[PDB]
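1. these are from a larger complex, still in place; more later:
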Amino acid sequence: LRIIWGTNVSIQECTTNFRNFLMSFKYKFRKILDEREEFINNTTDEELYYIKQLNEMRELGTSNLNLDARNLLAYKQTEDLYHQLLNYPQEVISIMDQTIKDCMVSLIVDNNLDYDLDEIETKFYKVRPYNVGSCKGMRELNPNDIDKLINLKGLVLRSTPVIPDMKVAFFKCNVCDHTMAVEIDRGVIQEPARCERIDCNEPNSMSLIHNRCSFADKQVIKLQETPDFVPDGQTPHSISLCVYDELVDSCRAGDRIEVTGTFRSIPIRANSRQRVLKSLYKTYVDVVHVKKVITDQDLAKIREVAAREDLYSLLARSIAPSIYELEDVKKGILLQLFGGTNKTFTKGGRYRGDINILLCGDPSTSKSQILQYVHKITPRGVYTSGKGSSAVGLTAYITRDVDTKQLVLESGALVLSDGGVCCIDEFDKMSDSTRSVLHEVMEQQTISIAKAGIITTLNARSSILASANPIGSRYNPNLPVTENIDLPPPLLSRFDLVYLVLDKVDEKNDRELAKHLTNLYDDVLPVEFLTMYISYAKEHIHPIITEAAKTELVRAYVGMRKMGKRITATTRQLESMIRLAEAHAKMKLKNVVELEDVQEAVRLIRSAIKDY
Amino acid sequence: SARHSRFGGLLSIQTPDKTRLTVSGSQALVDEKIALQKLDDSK
Amino acid sequence: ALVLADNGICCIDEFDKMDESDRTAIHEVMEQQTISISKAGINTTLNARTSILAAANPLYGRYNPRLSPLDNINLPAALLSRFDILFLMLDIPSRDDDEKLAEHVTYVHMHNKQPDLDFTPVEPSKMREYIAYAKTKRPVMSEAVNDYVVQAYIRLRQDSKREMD
């Protein structure tokens, strides 16, 4: 008879109980348990749940079964099983795993299906319980909880590289070349004193072939508690975790996760020579479950919105609803998000499809708001402020890993914005070296670093949406834009659009703005739909120019040159106009650039040249 | 064993007479022939 | 120290002297109300909805009437604008006021107690509990008050433009 050590509960009864639970169970039991019986339907609740879950798992070939604890309390049989799971998690999880495998094989055996049985026999099967009681606190873990299932909510802080954990040792003889694999128990190798071969019984002739053993994946994570659990505001404590097999690399640094595991404790050796152990035991958590806290229909909805006659103003309004009366700026930013076509050229250089916009004006107006909105919308991008230590940094820089004491090349904000929008909030205050790397990016669209023995180039195909403020307390219309902005002419000449949003004091304008602001205390689109639409268009559509567009572009450029001797427009404006027309075509999901696209692009560029 | 080596499942097998022996391993937790094989091999 | 002040008022003395790093930190706090750390050793982001109470001295060490306030203040104009209320306290010699201050300080030095007797100060505990009670509350505003504040805003903007002239 098999009995768990220190208890009086049979393993056979546990196995049969859980098998009965799995083969026969319905969600209606859970619904009645939670006092939600009136919500019971007639098809899903009356159909076997875990049998369906096993069938689908077999169809998909997966093995891990996510189990909810309450369902054990829902079935009369399994109350004791639930309590035992909460008190003796290891053995209970073991019997659960074997019962899962046994029922999996029994299903095929009974249903005489054509599915291969050898493949099923080869698989290790597992269960991942979760929601096993009110989550406790890292500061409330007393010794009473050692070897017991607990729930912890905390913020990931770090995760070590995968550790190879040994399962089966491999030994080879030096006089007969006979090999046999010996399992491992609690980290001790039961290495033989002589070959198992009768013919060659030579003693103490075993060697460990390290690369022929069997290993399993292990990883150590560090966890820190949530802010709301801090009683006064002191430094949050830290607990260490251990994740094995498919939970390895299941969470990235900085994530909020809820972890279910067994609170274990292990002795620590005093030194790496003897067997003496410190009286203080070190704790950790053995995790068994972790939680983190386009379709044809989507395509059809996208076509439906695209067919709308008033699409342009709709997207413009939806970009930043809370801002008031900045239609031109919103339209320009909407064009920037989509981005113009990118050209891969043979016999010629690469031509960038990005759009760079500078939002410069008085401090009163709303400019950081628009950058925050754009960051939210952008499928890829960063937020940064020049001369800001908080920001990661605009340029790739060589550093030393404090955790591992190694040199690592870390990419800056510009490189991490590849294919996206990098919003720089404070463009005015910038280091000269930062303004050099920015020039190299906006010109060559790559960052080259040749220090610390490394010579490498990093792609930085990212748009830029910066903001600027005047030197004084307000913008002086009399002086030119260059004098007020305090930026080199070489630098503010590269932006495709420059927007002068000025807070001129007008009775009507102030009245309207105050009314809007106080009221804050034409449909609009959700941010998720907007970002998905933008990503779809940016990944699939690639508009092309046509003869009519070619005529209108040439004519508009010539007209913009003839206005002036003073040079009104330069060849830069032609590239800006073509990029803006391409972006406007992208927004309509059109594969061609019509007269309307080029005409819209000129209207925005000419207006931008206008007050700027 | 599906779980790692340090999972730590302990067993108590009952002899025909009222004495309990201790075995370690999930396979033992499930099976009895494996338990007896481990008993013999651990000598 | 800023972390301890999260969701509370921060008491910063000698604000003008402060280094550019801390100035950028507070600039971030006011705009975003967030504490961000970007280091290889650790990467932890904490929200900070905390108020700032600053004390500073003019550029030359004393206020100069000839120079306007802006020039007297070393701090960026944007930082001054972001402040909800900016108080400028000056030390003007005067026979009566000087005599009153001297009598007050000197009585405090001789007797070790407050000199005033016209009114009795309220107990600190009562004031603290009332402040907490007020923090617990939540008022509301109507449309008529909205119109009144809007009118006040246009009046203030016109006056401020005229003054800025």
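-> Received the coordinates, thanks. Residues are numbered from 1 along each chain as shown, chains lettered A, B, ... in the order given.
2. and chain C, which residues reach chain A?
-> Contacts of chain C with chain A, taken as CB under 8 Å from any CB of the partner chain, map to C:3-4, C:6, C:21, C:24-25, C:28, C:31, C:36, C:38-47, C:70, C:77-78, C:81, C:141, C:146, C:149-150, C:153-154, C:157-158, C:161, C:164. Every C-beta, even on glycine, is put in place using the N, C-alpha and C of the backbone.
3. Now do the lengthiest helix in chain B: distance to the chain's middle.
-> Counting by DSSP state H, the longest helix found in chain B is helix B:33-41. Its chain's C-alpha centre and that of helix B:33-41 lie 7 Å apart, by CA atoms, centre = their mean, to the nearest Å.
4. which residues are in contact with that helix?
-> The contact list for helix B:33-41 (CB atoms under 8 Å, 6 or more residues apart in numbering or on different chains) reads A:2, A:190, B:11, B:13, B:21, B:23, B:24, B:25, B:27, B:28.
5. Without its sequence neighbours, what residue ends up closest to the residue nearest to the spatial centre of chain B?
-> Nearest to the geometric centre of chain B sits residue B:23, at 3.2 Å (CA atoms, centre = their mean). Of all residues not flanking residue B:23 in the chain, residue B:11 sits nearest, at 4.2 Å (CB to CB, 6 or more residues apart in numbering or on different chains).
6. add one more, call it DNA strand D:
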DNA sequence: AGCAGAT
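-> DNA strand D now in position relative to the chains above:
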């Protein structure tokens, strides 16, 4: 003092 080796 615990553990690693030669008679």
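7. Re-run the earlier check on the contacts of helix B:33-41 with DNA strand D in the model.
-> Counting by CB under 8 Å, 6+ apart, A:2, A:190, B:11, B:13, B:21, B:23, B:24, B:25, B:27, B:28 sit against helix B:33-41.
8. Swap in 10 Å and give it another go.
-> Outside helix B:33-41, the residues within contact range by CB atoms under 10 Å, 6 or more residues apart in numbering or on different chains are A:2, A:182-183, A:185, A:190, B:11, B:13, B:21-29, B:31.
9. Look at residue A:271 and say how many residues are nearby.
-> Around residue A:271 there are 8 other residues, counting by other CB atoms under 10 Å in any protein chain shown.
10. for it, phi and psi?
-> The phi and psi values for residue A:271, taken as degrees, to the nearest 10, are phi -160, psi 170.
11. Contact partners for it?
-> Taking CB under 10 Å, 6+ apart, we find residue A:271 in contact with residue A:278.
12. What separation do you get for residue A:404 and chain B?
-> Taking CB to the nearest CB, to the nearest Å as the measure, residue A:404 falls 24 Å from chain B.
13. picking that back up, now do the buried residues in the longest helix of chain B.
-> B:35, B:38 (16 or more other CB atoms under 10 Å in any protein chain shown).
14. and what of stretch A:602-612?
-> A:602, A:604, A:605, A:606, A:608, A:609.
15. Please apply the same query to stretch A:401-413.
-> A:411, A:412, A:413.
16. Ok, stretch A:431-451 next?
-> Across stretch A:431-451, burial judged by 16+ other CB under 10 Å covers A:434, A:435, A:437, A:438, A:441, A:442, A:445, A:447, A:449.
17. DNA strand E should join the structure above:
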DNA sequence: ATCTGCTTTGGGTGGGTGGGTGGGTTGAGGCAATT
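-> DNA strand E goes in next, on the same frame as the chains above:
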């Protein structure tokens, strides 16, 4: 089964032909680059 023998913690009562990706981390002083 008994007798013989080396080495710690971590630290200068082992050292710099073992080094600093094996840990002992502030304080002062010189140098290039930044100003």
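18. Same as before for the contacts of helix B:33-41, with DNA strand E this time.
-> Contact partners of helix B:33-41, identified using CB under 10 Å, 6+ apart, comprise A:2, A:182-183, A:185, A:190, B:11, B:13, B:21-29, B:31.
19. repeat that with 8 Å
-> Residues outside helix B:33-41 that contact it (CB under 8 Å, 6+ apart) are A:2, A:190, B:11, B:13, B:21, B:23, B:24, B:25, B:27, B:28.
20. closest to residue A:61 among those?
-> residue B:27 (24.4 Å; CB to CB).
21. For residue A:172, see how far away the closest residue to the closest one other than its chain neighbours is.
-> Leaving aside its sequence neighbours, residue B:27 sits nearest to residue B:34 (CB to CB, 6+ apart; 4.5 Å). Separation of residue B:34 from residue A:172 (CB to CB, to the nearest Å): 25 Å.
22. Then residue C:74?
-> 77 Å.
23. Those two: which has the busier surroundings?
-> residue A:172 (16 against 13).
24. And for chain B, the residue most distant from the center?
-> Distance from the C-alpha centroid of chain B peaks at residue B:17, with 17.7 Å (CA atoms, centre = their mean).
25. And the longest helix along chain C, what's buried?
-> The longest helix of chain C (DSSP H) is helix C:143-164. The neighbour-count check on helix C:143-164 (16+ other CB under 10 Å) flags C:146, C:150, C:153, C:154, C:157 as buried.
26. Check stretch A:342-360 too.
-> Of the residues in stretch A:342-360, those buried (16+ other CB under 10 Å) are A:352, A:353, A:354, A:355, A:356, A:357, A:358, A:359, A:360.
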